[PDB]
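What follows is entry-v7.cif (mmCIF, C-alpha atoms).
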data_data
loop_
_atom_site.group_PDB
_atom_site.id
_atom_site.type_symbol
_atom_site.label_atom_id
_atom_site.label_comp_id
_atom_site.auth_asym_id
_atom_site.auth_seq_id
_atom_site.Cartn_x
_atom_site.Cartn_y
_atom_site.Cartn_z
ATOM 1 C CA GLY A 17 -50.488 48.553 -62.171
ATOM 2 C CA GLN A 18 -51.520 46.763 -58.987
ATOM 3 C CA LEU A 19 -55.114 45.834 -58.163
ATOM 4 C CA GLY A 20 -57.059 47.545 -55.396
ATOM 5 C CA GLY A 21 -56.012 50.086 -52.797
ATOM 6 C CA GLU A 22 -56.197 51.038 -49.127
ATOM 7 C CA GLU A 23 -55.079 54.659 -48.802
ATOM 8 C CA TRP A 24 -58.526 55.949 -47.837
ATOM 9 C CA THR A 25 -59.822 57.204 -44.489
ATOM 10 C CA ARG A 26 -63.587 57.727 -44.628
ATOM 11 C CA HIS A 27 -64.786 54.651 -42.739
ATOM 12 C CA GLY A 28 -66.479 54.387 -39.356
ATOM 13 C CA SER A 29 -64.878 53.431 -36.049
ATOM 14 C CA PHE A 30 -64.892 50.094 -34.223
ATOM 15 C CA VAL A 31 -68.036 48.240 -33.156
ATOM 16 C CA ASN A 32 -68.153 49.864 -29.708
ATOM 17 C CA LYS A 33 -65.095 49.384 -27.498
ATOM 18 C CA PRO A 34 -62.439 51.750 -26.047
ATOM 19 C CA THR A 35 -58.662 51.379 -26.314
ATOM 20 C CA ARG A 36 -55.315 53.047 -25.627
ATOM 21 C CA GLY A 37 -52.220 53.282 -27.801
ATOM 22 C CA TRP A 38 -49.199 55.544 -28.214
ATOM 23 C CA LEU A 39 -49.440 58.783 -26.241
ATOM 24 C CA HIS A 40 -53.151 58.190 -25.666
ATOM 25 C CA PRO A 41 -55.472 56.550 -28.309
ATOM 26 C CA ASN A 42 -54.691 54.226 -31.210
ATOM 27 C CA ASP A 43 -56.017 56.523 -33.928
ATOM 28 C CA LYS A 44 -53.440 59.106 -32.825
ATOM 29 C CA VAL A 45 -50.771 56.967 -34.499
ATOM 30 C CA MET A 46 -52.780 55.513 -37.392
ATOM 31 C CA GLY A 47 -53.921 58.999 -38.381
ATOM 32 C CA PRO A 48 -52.116 62.144 -37.133
ATOM 33 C CA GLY A 49 -49.043 60.517 -35.614
ATOM 34 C CA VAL A 50 -47.173 61.878 -32.596
ATOM 35 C CA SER A 51 -44.642 64.473 -33.763
ATOM 36 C CA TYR A 52 -42.424 66.746 -31.675
ATOM 37 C CA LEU A 53 -38.907 68.163 -31.490
ATOM 38 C CA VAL A 54 -36.574 65.411 -30.313
ATOM 39 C CA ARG A 55 -32.779 65.311 -30.507
ATOM 40 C CA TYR A 56 -31.656 62.188 -32.346
ATOM 41 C CA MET A 57 -28.633 60.752 -30.550
ATOM 42 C CA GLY A 58 -26.081 58.355 -32.018
ATOM 43 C CA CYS A 59 -26.485 54.593 -31.756
ATOM 44 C CA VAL A 60 -24.792 52.147 -29.390
ATOM 45 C CA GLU A 61 -23.246 48.911 -30.667
ATOM 46 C CA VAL A 62 -23.970 46.095 -28.213
ATOM 47 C CA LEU A 63 -22.395 42.632 -28.120
ATOM 48 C CA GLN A 64 -24.200 41.125 -25.122
ATOM 49 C CA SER A 65 -26.570 38.206 -25.715
ATOM 50 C CA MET A 66 -26.228 35.223 -23.378
ATOM 51 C CA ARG A 67 -23.163 35.538 -21.150
ATOM 52 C CA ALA A 68 -24.280 38.724 -19.396
ATOM 53 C CA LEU A 69 -24.863 40.072 -15.887
ATOM 54 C CA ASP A 70 -27.657 37.665 -14.956
ATOM 55 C CA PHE A 71 -30.392 36.848 -17.471
ATOM 56 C CA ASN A 72 -30.680 40.623 -17.838
ATOM 57 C CA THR A 73 -28.722 43.734 -18.817
ATOM 58 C CA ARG A 74 -31.275 46.418 -19.688
ATOM 59 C CA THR A 75 -30.327 49.107 -17.165
ATOM 60 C CA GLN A 76 -26.648 48.130 -16.962
ATOM 61 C CA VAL A 77 -26.044 48.133 -20.718
ATOM 62 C CA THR A 78 -28.221 51.120 -21.663
ATOM 63 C CA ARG A 79 -26.298 52.945 -18.929
ATOM 64 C CA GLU A 80 -22.845 52.538 -20.479
ATOM 65 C CA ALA A 81 -24.373 52.833 -23.953
ATOM 66 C CA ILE A 82 -25.858 56.293 -23.420
ATOM 67 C CA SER A 83 -22.588 57.413 -21.837
ATOM 68 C CA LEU A 84 -20.865 55.939 -24.888
ATOM 69 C CA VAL A 85 -22.669 57.974 -27.546
ATOM 70 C CA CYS A 86 -21.949 61.031 -25.401
ATOM 71 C CA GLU A 87 -18.256 60.134 -25.241
ATOM 72 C CA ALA A 88 -17.939 60.383 -29.023
ATOM 73 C CA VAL A 89 -20.095 63.512 -29.197
ATOM 74 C CA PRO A 90 -19.546 65.453 -25.923
ATOM 75 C CA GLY A 91 -21.101 68.514 -27.554
ATOM 76 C CA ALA A 92 -24.389 67.546 -25.923
ATOM 77 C CA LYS A 93 -22.751 67.344 -22.496
ATOM 78 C CA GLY A 94 -24.747 65.040 -20.243
ATOM 79 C CA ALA A 95 -22.603 62.419 -18.522
ATOM 80 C CA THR A 96 -19.030 62.869 -19.754
ATOM 81 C CA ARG A 97 -16.950 65.299 -21.813
ATOM 82 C CA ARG A 98 -14.066 65.203 -24.290
ATOM 83 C CA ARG A 99 -12.882 61.728 -23.294
ATOM 84 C CA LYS A 100 -12.990 59.661 -20.110
ATOM 85 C CA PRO A 101 -13.951 55.943 -19.951
ATOM 86 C CA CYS A 102 -15.811 54.701 -16.873
ATOM 87 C CA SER A 103 -16.474 51.309 -15.290
ATOM 88 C CA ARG A 104 -19.800 49.469 -15.168
ATOM 89 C CA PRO A 105 -22.047 47.907 -16.107
ATOM 90 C CA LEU A 106 -20.996 44.456 -14.900
ATOM 91 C CA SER A 107 -20.058 41.567 -17.203
ATOM 92 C CA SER A 108 -18.819 41.800 -20.794
ATOM 93 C CA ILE A 109 -21.498 43.951 -22.424
ATOM 94 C CA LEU A 110 -21.533 46.676 -25.078
ATOM 95 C CA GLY A 111 -18.760 47.281 -27.588
ATOM 96 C CA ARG A 112 -18.845 50.835 -28.924
ATOM 97 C CA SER A 113 -21.379 53.518 -29.837
ATOM 98 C CA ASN A 114 -21.268 55.607 -33.012
ATOM 99 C CA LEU A 115 -22.107 59.317 -32.962
ATOM 100 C CA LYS A 116 -23.354 59.031 -36.572
ATOM 101 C CA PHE A 117 -25.938 61.826 -36.521
ATOM 102 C CA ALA A 118 -25.759 62.523 -32.788
ATOM 103 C CA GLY A 119 -26.934 65.548 -30.831
ATOM 104 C CA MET A 120 -29.139 66.566 -33.749
ATOM 105 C CA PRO A 121 -32.395 68.402 -32.880
ATOM 106 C CA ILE A 122 -35.090 67.503 -35.407
ATOM 107 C CA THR A 123 -38.842 66.906 -35.590
ATOM 108 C CA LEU A 124 -39.506 63.195 -35.087
ATOM 109 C CA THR A 125 -42.868 61.520 -35.681
ATOM 110 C CA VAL A 126 -44.068 58.123 -34.438
ATOM 111 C CA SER A 127 -46.720 56.122 -36.304
ATOM 112 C CA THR A 128 -48.306 52.670 -36.124
ATOM 113 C CA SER A 129 -45.424 50.392 -37.104
ATOM 114 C CA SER A 130 -43.714 53.256 -38.934
ATOM 115 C CA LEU A 131 -41.296 55.928 -37.720
ATOM 116 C CA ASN A 132 -40.659 58.947 -39.940
ATOM 117 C CA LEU A 133 -38.327 61.763 -38.902
ATOM 118 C CA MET A 134 -37.967 65.305 -40.225
ATOM 119 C CA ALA A 135 -34.711 67.255 -40.106
ATOM 120 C CA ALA A 136 -35.731 70.393 -38.236
ATOM 121 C CA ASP A 137 -32.200 71.808 -38.175
ATOM 122 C CA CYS A 138 -30.928 70.388 -41.466
ATOM 123 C CA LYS A 139 -34.023 71.732 -43.241
ATOM 124 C CA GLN A 140 -35.362 68.522 -44.774
ATOM 125 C CA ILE A 141 -37.023 65.183 -44.045
ATOM 126 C CA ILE A 142 -35.464 61.998 -42.685
ATOM 127 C CA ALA A 143 -36.681 58.552 -43.721
ATOM 128 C CA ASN A 144 -36.073 55.035 -42.410
ATOM 129 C CA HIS A 145 -36.882 51.716 -44.086
ATOM 130 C CA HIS A 146 -35.055 49.117 -41.995
ATOM 131 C CA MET A 147 -37.911 47.598 -39.995
ATOM 132 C CA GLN A 148 -41.405 48.282 -38.639
ATOM 133 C CA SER A 149 -40.263 50.937 -36.162
ATOM 134 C CA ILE A 150 -39.954 49.521 -32.644
ATOM 135 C CA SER A 151 -40.529 46.428 -30.507
ATOM 136 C CA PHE A 152 -38.616 46.207 -27.226
ATOM 137 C CA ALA A 153 -37.275 49.268 -25.407
ATOM 138 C CA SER A 154 -35.194 49.700 -22.251
ATOM 139 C CA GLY A 155 -37.833 51.406 -20.134
ATOM 140 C CA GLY A 156 -35.483 52.624 -17.432
ATOM 141 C CA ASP A 157 -36.591 54.141 -14.135
ATOM 142 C CA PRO A 158 -34.929 56.348 -14.945
ATOM 143 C CA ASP A 159 -32.951 55.465 -18.071
ATOM 144 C CA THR A 160 -30.309 58.066 -17.229
ATOM 145 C CA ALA A 161 -31.538 61.120 -15.322
ATOM 146 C CA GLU A 162 -33.059 62.679 -18.439
ATOM 147 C CA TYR A 163 -32.057 60.426 -21.335
ATOM 148 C CA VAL A 164 -33.933 58.039 -23.630
ATOM 149 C CA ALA A 165 -32.785 55.028 -25.662
ATOM 150 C CA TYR A 166 -34.296 53.223 -28.653
ATOM 151 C CA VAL A 167 -33.876 49.676 -29.967
ATOM 152 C CA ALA A 168 -32.660 48.833 -33.472
ATOM 153 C CA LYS A 169 -32.876 45.296 -34.851
ATOM 154 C CA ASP A 170 -30.213 45.132 -37.561
ATOM 155 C CA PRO A 171 -28.992 42.518 -37.657
ATOM 156 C CA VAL A 172 -32.185 41.166 -36.091
ATOM 157 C CA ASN A 173 -32.267 39.616 -32.603
ATOM 158 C CA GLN A 174 -31.157 42.682 -30.644
ATOM 159 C CA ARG A 175 -27.989 44.124 -32.177
ATOM 160 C CA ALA A 176 -27.908 47.927 -32.209
ATOM 161 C CA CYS A 177 -29.617 50.478 -29.966
ATOM 162 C CA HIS A 178 -30.251 54.037 -31.142
ATOM 163 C CA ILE A 179 -30.191 56.930 -28.684
ATOM 164 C CA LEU A 180 -32.573 59.853 -28.181
ATOM 165 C CA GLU A 181 -33.116 62.867 -25.927
ATOM 166 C CA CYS A 182 -36.394 64.702 -25.334
ATOM 167 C CA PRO A 183 -37.019 67.466 -22.735
ATOM 168 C CA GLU A 184 -40.787 66.978 -22.903
ATOM 169 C CA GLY A 185 -43.602 65.784 -25.144
ATOM 170 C CA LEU A 186 -42.532 62.509 -26.739
ATOM 171 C CA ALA A 187 -40.244 61.701 -23.808
ATOM 172 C CA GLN A 188 -43.420 60.455 -22.121
ATOM 173 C CA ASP A 189 -44.166 57.845 -24.785
ATOM 174 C CA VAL A 190 -40.631 56.813 -25.736
ATOM 175 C CA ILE A 191 -39.717 56.339 -22.073
ATOM 176 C CA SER A 192 -42.628 53.875 -22.000
ATOM 177 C CA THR A 193 -45.313 54.608 -19.407
ATOM 178 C CA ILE A 194 -48.565 55.866 -20.930
ATOM 179 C CA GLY A 195 -50.133 53.391 -23.340
ATOM 180 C CA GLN A 196 -48.354 52.411 -26.549
ATOM 181 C CA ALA A 197 -49.181 51.908 -30.228
ATOM 182 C CA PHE A 198 -49.996 48.192 -30.303
ATOM 183 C CA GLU A 199 -50.810 45.972 -33.308
ATOM 184 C CA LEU A 200 -47.457 44.196 -33.592
ATOM 185 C CA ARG A 201 -46.245 41.103 -31.736
ATOM 186 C CA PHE A 202 -43.366 39.487 -33.625
ATOM 187 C CA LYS A 203 -45.818 38.964 -36.496
ATOM 188 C CA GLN A 204 -45.785 42.344 -38.235
ATOM 189 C CA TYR A 205 -47.950 43.079 -41.275
ATOM 190 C CA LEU A 206 -50.872 42.829 -38.849
ATOM 191 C CA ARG A 207 -50.753 39.112 -39.647
#
Go ahead and render the structure in this file as structure tokens.
Amino acid sequence: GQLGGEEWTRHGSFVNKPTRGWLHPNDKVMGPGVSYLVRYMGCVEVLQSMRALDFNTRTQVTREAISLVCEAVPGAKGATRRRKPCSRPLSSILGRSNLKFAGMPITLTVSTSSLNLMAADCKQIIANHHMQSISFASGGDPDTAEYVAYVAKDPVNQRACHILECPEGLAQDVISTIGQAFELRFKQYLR
């Protein structure tokens, strides 16, 4: 079945030009992939879209979001505990975050337009086939003292936002600062 393939890796490099991707180079993602022990934190259901703070709600939202996931699963203990709602951000943003698979320490791996996780505590591998992998993050400065958030398009057009927590290693890339695995600009499939 099928005609032709592309699962080989014995070709030369580029003509003669440098570059920088996730963590450091581009090949680091298209070959070995960045993998470390990161605690996968529940997702945060957001409702915001147009009527928000002021043509922006990255920090604001992500702030209450992170605190949200923690509210449901205080086991991690970071901002709240047991139960205790707080004010902010401003405007009608966010709706509710689900702890579905929160505070779970596993070995995550980031690849060029492909994120594959590996249950380090559950003793198995975690897969994901919803979309490429990433697109637009929160950035933060900081996101929340020592917290990290991820975006999840599903439905598409900014809907859900997963949560993460890394003490060191991947926290540098996820947080967004040093390079980033490019080759994807709303076109996907390297089209």
Matched chain/residue IDs from the PyMOL selection byres ((chain A and resi 192) around 10), as a CSV table (one decimal) with C-alpha atoms, in the frame of the given file:
chain,number,residue,atom,x,y,z
A,38,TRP,CA,-49.2,55.5,-28.2
A,39,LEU,CA,-49.4,58.8,-26.2
A,153,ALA,CA,-37.3,49.3,-25.4
A,154,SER,CA,-35.2,49.7,-22.3
A,155,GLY,CA,-37.8,51.4,-20.1
A,156,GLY,CA,-35.5,52.6,-17.4
A,157,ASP,CA,-36.6,54.1,-14.1
A,164,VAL,CA,-33.9,58.0,-23.6
A,186,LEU,CA,-42.5,62.5,-26.7
A,187,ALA,CA,-40.2,61.7,-23.8
A,188,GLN,CA,-43.4,60.5,-22.1
A,189,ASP,CA,-44.2,57.8,-24.8
A,190,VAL,CA,-40.6,56.8,-25.7
A,191,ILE,CA,-39.7,56.3,-22.1
A,193,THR,CA,-45.3,54.6,-19.4
A,194,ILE,CA,-48.6,55.9,-20.9
A,195,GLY,CA,-50.1,53.4,-23.3
A,196,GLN,CA,-48.4,52.4,-26.5
Determine, counting all atoms listed in the file, which protein, DNA and RNA residues have an atom within 8 Å of an atom of residue 199 in chain A; residues of the same chain fewer than 4 positions away are not included. Present the result as a PDB file with C-alpha atoms, in the frame of the given file.
ATOM      1  CA  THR A 128     -48.306  52.670 -36.124  1.00  0.00           C
ATOM      2  CA  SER A 129     -45.424  50.392 -37.104  1.00  0.00           C
ATOM      3  CA  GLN A 204     -45.785  42.344 -38.235  1.00  0.00           C
ATOM      4  CA  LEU A 206     -50.872  42.829 -38.849  1.00  0.00           C
TER       5      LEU A 206
END
(Q) Given the PyMOL selection byres ((chain A and resi 61) around 12) and the file above, list the residues it selects as a VMD selection string. (A) chain A and resid 58 to 60 62 to 64 77 to 78 80 to 82 84 to 85 109 to 116 167 to 171 174 to 179
Q) Applied to this file, what does the PyMOL selection byres ((chain A and resi 162) around 10) return in terms of residues, put as a count of residues only? A) 13
Q: Provide the CA of residue 88 in chain A to CA of residue 130 in chain A distance in Å, to one decimal place.
A: 28.5 Å
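Comparing A:55, A:93, A:104, A:146 by their smallest distance to residue 123 in chain A, the closest is A:55 (using only C-alpha atoms).
With all atoms listed in the file taken into account, the protein and nucleic acid residues at most 9 Å from residue 92 in chain A (excluding it and anything under 6 positions from it in its own chain) are residues 86, 118 and 119 of chain A.
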